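Asker:
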RNA sequence: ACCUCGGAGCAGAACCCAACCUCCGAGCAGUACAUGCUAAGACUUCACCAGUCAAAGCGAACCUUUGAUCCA
RNA sequence: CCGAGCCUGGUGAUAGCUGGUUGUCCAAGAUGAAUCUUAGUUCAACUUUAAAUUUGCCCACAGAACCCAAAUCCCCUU
RNA sequence: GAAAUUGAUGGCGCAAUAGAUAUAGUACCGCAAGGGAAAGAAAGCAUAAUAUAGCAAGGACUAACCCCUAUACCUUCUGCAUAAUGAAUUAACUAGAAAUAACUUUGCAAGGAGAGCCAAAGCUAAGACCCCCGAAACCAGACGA
Ligand SMILES: [Mg+2]
Ligand SMILES: [Mg+2]
Ligand SMILES: [Mg+2]
Ligand SMILES: [Mg+2]
Ligand SMILES: [Mg+2]
Ligand SMILES: [Mg+2]
Ligand SMILES: [Mg+2]
Ligand SMILES: [Mg+2]
Ligand SMILES: [Mg+2]
Ligand SMILES: [Mg+2]
Ligand SMILES: [Mg+2]
Ligand SMILES: [Mg+2]
Ligand SMILES: [Mg+2]
Ligand SMILES: [Mg+2]
Ligand SMILES: [Mg+2]
Ligand SMILES: [Mg+2]
């Protein structure tokens, strides 16, 4: 009487652990809901996958979570916290490796 | 050349002295014996 | 007096019993390994001291491996080997 | 199309190419066919070198 | 399931009683292990097999000298149930180039430069 | 009875190291020594490699400790040298 | 019949010569002989381990008899000779038991003395 | 396919391959993505863009296609204004 | 191996010795020497000064062909090899003892 | 009775994991009509097919599941 | 020897099914997806050979989630 | 699966189970259509039955047996002494055919090839690689009450 339930796994999770070198555009982690939040130089897709916006080293950190005020449910959740409480989340950052360019001598006019 | 001098020293080249260049003639594999027989690959 | 099924696998197996000899053998092994624990409890260098102390040798060894791998190439061919085959018809005159 | 001391040619080629590679090149001397086979592409360099030698 | 086993660190913390029993000084610890394989790697996990191959202990009862450093010790901890470890003792110091060909490893674990 | 031999410090197996295996089996009746036996030569080569590895490992570990000491000294001396003003 | 085997006689004989001392048709019929000859050769190969195993057992039995003639037990004899640093092996000890009874008596006395 | 035709004794080409795949001389096979003309009204713009693309084949797919076509289809063609003229050869390829 | 030996005895060593036939040799690892009324036991070897056992290389031969046969049922596994081992026959010429006790 | 897809447990912590296994759900709707075009780099349901994400750029503006080929 | 005769021919029918597959010797070599599909096949994985050049495994620290255990992943050294 | 167009006496055979079916389309079989041969110049026994015990042997041994060791082979299976298959035995016969692309070795080389074809080191030549037996059937035409 139990049908369905034959769906395969989504192969989600972290694709780049901490310290892994990541080029711009590489997907860092795919998640179904926000297990890891985007940090510095990390973007978010429609499906909440984290990709590197710059070329660098992936780092995972814990930071205080302050949601966008337009996120009404999160704002209410915060409104219900006690005074000392601060929410925390796991964030993924890309520490950019190369400089974004150098000045070169082109012509000795 | 020294090769022609070696020829001068060696026996006459005939149809009984001829050999293919090594590596040009792979051995033929046929399904007889333990290793190539039975189920014959 | 038979054990149902096949011995040593099923739910009902032949009762196996530990002999004094088996106990002594196991105890001997245990003593060896207790000594192993002791001798593994005193590292000579710390992890930070060992970091990089063999890097040069390891790099040279891998250079040797790479050289062997990249030096693979067909062997030389000599006129002498080809011409020596004429000797199959060497005779006495 | 090498004639003469193919081994002398091999020595010369190794001398000429080792600085470019940084290592002595790996080669095969087909003394029968009179050819020298070098691992890696050096057609342009070897052509220039043979021109300089006057072949 | 069967998995790799994490040995708690307290296992590898010698006590004064152990020091007296085995005759090793925690200060000035020995430099080199002599490791022999005394147990088969058959019926052992592939990771223990691989560790044995790395350490070069494929042949049983053939002593092998290894550094007494934390990484080698980590591997030895993985395969400690297949090996016998004894410190390498150097009564006359390490052999000199002159007598490098006249050494012998006594069963006590001493490398003597006379044989 | 190998345990007793081990206690006395000999090889557990009398066929291991010892006079019975390491000495020449024979010599010429004149007195000239016999050529070394193949097994003895192989065993000597193995022992030489073992000693060479012992020396190499000891030297590598000592050099590593000395290099770490020098690195610590350089770090402390440089951090002190930064105090210049 | 471009190519036909002409040596089959000799190929058969190579096997049959090894079966000529068998019983029944195994010594005549190649189909049967070849199977038994293979078994005979495999047994011959595997018997080199059993030969050594049985010789040592034979030596141990003979040494046990000889030592019991002098009130010793084989374990005591062997262990005490080792402790006295006599490295005579079991083959030689059995040979001495058979052909040099006074020397074996001396060794048994030595083993008992060491034991005491 | 037909390894030996009954009239010539030659190997034949599977024309279903020729109707679907482009072979670049270097050994690459190009193809359209399946469904690139089907029910576009229910496909997101990104999916449509992915589907409208010309795509290379696997090594094993390329080997299969090479087997299924004859050497005529694997020749140099110097067409006048071939859009794939530049793609017919590989550049800066290390191994 | 250990050989129980006496003068005029023959010994079959299962390997070539690198000695010309008829060449005289001294066997140096003598564990035991015995007479009718006394025996001398080494610990484990007697001194060179005590005993001198001498032999002669009488023959250098090959053993009869030994068959190595491997067979496993129902595996098409069958292998045959013939091996001949080198051998040397030594004759023990004399056993001399000296009063060096 | 079921056959495709998806969610949860088995399968606790990267991924992955069956069943006549224990439960649940879907064959689209709402929205707008840039919900356009292009394009680095990636993910990928263990193959392929297919399916995802996406910087930069151009252009307007200021979105949240089902099915191939041929054939018409 | 008739739920559709016999003979010849097509015909060496076809058989994902059963059986068989002949010298010597050495070496490497073992448990997913789709499918009128689960007695089969194709792709993968594994495997073999040859070739190119350069890191591979092991691997501590750091690191990998909220909701509501054994371990695993990742990699400096070694 | 085209066409236009192009134009071009011998035996690394068999030798009486082979080679023709063939000494013969005979003998023989069939009502008939039809099928269709054979052949000419070791095994098995006997000399000489048999001796406790055992995959019939091996290690051996002074000695055949006695002692000790040893669960036929093939195939099919996860796994077979298996009380799963096949085999009385001897002789003879009886089963891996080939392309695409590779690789190896030659030749020549920005060209190769004895027209056509290929070519961004290629082209030309050679070498290596793809089994045997078996249905119930289907259809055509004969032959049979
Ligand atoms: Mg599920
Ligand atoms: Mg095989
Ligand atoms: Mg039972
Ligand atoms: Mg994938
Ligand atoms: Mg009828
Ligand atoms: Mg058939
Ligand atoms: Mg093997
Ligand atoms: Mg279907
Ligand atoms: Mg089937
Ligand atoms: Mg025409
Ligand atoms: Mg005929
Ligand atoms: Mg007869
Ligand atoms: Mg049977
Ligand atoms: Mg059956
Ligand atoms: Mg039968
Ligand atoms: Mg009538």
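Chains as they are written, first to last, in the deposited numbering: chain W, 40 to 148; chain M, 10 to 50; chain o, 10 to 102; chain g, 112 to 166; chain Z, 35 to 149; chain j, 24 to 108; chain R, 10 to 125; chain 3, 94 to 188; chain S, 104 to 204.
For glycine and all other residues, C-beta sits at the position ideal for the given N, C-alpha and C.
1) Less than 8 angstroms between the CB of residue 12 (chain o) and some heavy atom of ligand 3, yes or no?
2) Check whether the region 107–123 of chain R and the region 81–97 of chain R are in contact - that is, three or more C-beta pairs closer than 8 angstroms.
3) Under a CB-based cut-off of 9 angstroms, is residue 198 (chain S) close to chain j?
4) Taking the CB atoms as reference points, tell me whether residue 128 (chain Z) and residue 119 (chain Z) lie closer together than 9 angstroms.
5) For residue 130 (chain 3), which of 162 (chain 3), 169 (chain 3), 140 (chain 3) has the nearest alpha-carbon?
6) Within 10 angstroms of its Cβ, does residue 50 (chain o) collect 16 or more other Cβ (buried), or is it exposed?
7) With DSSP as the reference, label residue 124 (chain S) as helix, strand or coil.
8) For a contact defined as C-beta to C-beta under 7 angstroms, what are the partners of residue 88 (chain j) on chain o?
9) When you measure from the CB of residue 44 (chain W) to every non-hydrogen atom of ligand 1, does any distance come out below 8 angstroms?
10) Roughly how many angstroms separate the alpha carbons of residue 1 (chain W) and residue 145 (chain 3), rounded to a whole number?
11) Could you tell me whether the Cβ atoms of residue 163 (chain g) and residue 128 (chain g) are closer together than 9 angstroms?
12) I'd like to confirm something about residue 22 (chain o): is its beta-carbon nearer than 8 angstroms to some heavy atom of ligand 3, or not?
13) How long is the line joining the alpha carbons of residue 184 (chain S) and residue 171 (chain S), rounded to whole angstroms?
14) Rounded to whole angstroms, how far is the Cβ of residue 131 (chain W) from the Cβ of residue 68 (chain W), which I believe are closer than 8 angstroms?
15) Just verifying my parser: in three-state terms, what is the DSSP assignment at residue 190 (chain S)?
16) In angstroms, rounded to a whole number, what distance separates the CA positions of residue 33 (chain o) and residue 27 (chain o)?
17) Can you check whether the CB of residue 146 (chain g) is closer than 9 angstroms to the CB of residue 113 (chain g)?
18) By a C-beta neighbour count over all protein chains shown, 10 Å radius and 16 as the cutoff for buried, is residue 61 (chain o) buried or exposed?
19) Should residue 66 (chain R) be flagged as near chain S, meaning a C-beta pair shorter than 9 angstroms?
20) Is there at least one non-hydrogen atom of ligand 2 closer than 8 angstroms to the beta-carbon of residue 43 (chain M)?
21) Comparing alpha-carbon positions, which option in 147 (chain Z), 126 (chain Z), 105 (chain Z), 42 (chain Z) lies nearest residue 63 (chain o)?
22) Rounded to whole angstroms, how far is the Cβ of residue 159 (chain S) from the Cβ of residue 125 (chain S), which I believe are closer than 8 angstroms?
23) Which residues of chain o have a Cβ atom closer than 8 angstroms to the Cβ of residue 143 (chain g), listed in chain order?
24) Is the shortest distance between the beta-carbon of residue 130 (chain S) and the beta-carbons of chain j less than 9 angstroms?
25) Are three or more beta carbon pairs between the region 76–92 of chain o and the region 134–145 of chain g nearer than 8 angstroms?
26) Say whether chain j places a C-beta atom closer than 9 angstroms to the C-beta of residue 100 (chain R).
27) Which stretch, first to last residue, makes up the alpha helix (DSSP H) that contains residue 27 (chain j)?
28) Locate the beta strand (DSSP E) running through residue 124 (chain 3), then write down its first and last residues.
29) Report the three-state DSSP secondary structure of residue 138 (chain Z) (helix, strand or coil).
30) Under a Cβ-count criterion, where at least 16 other Cβ atoms within 10 Å of its own Cβ denotes burial, should residue 69 (chain g) be classed as buried or exposed?
31) Using DSSP bridges, identify the partner residues of residue 91 (chain W).
32) Using the Cα positions of residue 105 (chain 3) and residue 160 (chain 3), report the straight-line distance between them to the nearest angstrom.
33) Specify, as a first and last residue, the run of the beta strand (DSSP E) that residue 141 (chain g) falls within.
34) What does DSSP give as the partner residue(s) for residue 198 (chain S) in the beta ladder?
35) Taking the alpha helix (DSSP H) that residue 73 (chain j) falls in, what are its first and last residues?
36) What span of residues does the alpha helix (DSSP H) with residue 18 (chain R) cover, start to end?
Answerer: The short version:
1) yes
2) yes
3) no
4) no
5) 140 (chain 3)
6) buried
7) coil
8) 54, 58
9) yes
10) Since the first and last residues shown for chain W are 40 and 148, residue 1 (chain W) lies out of range.
11) no
12) no
13) 5 angstroms
14) 7 angstroms
15) strand
16) 10 angstroms
17) yes
18) exposed
19) no
20) yes
21) 105 (chain Z)
22) 6 angstroms
23) 86, 87, 88, 91
24) yes
25) yes
26) no
27) 25–30
28) 122–125
29) strand
30) Absent from the structure is residue 69 (chain g), since the part of chain g shown begins at 112 and ends at 166.
31) 81 (chain W)
32) 10 angstroms
33) 138–141
34) 156 (chain S)
35) 61–104
36) 17–28
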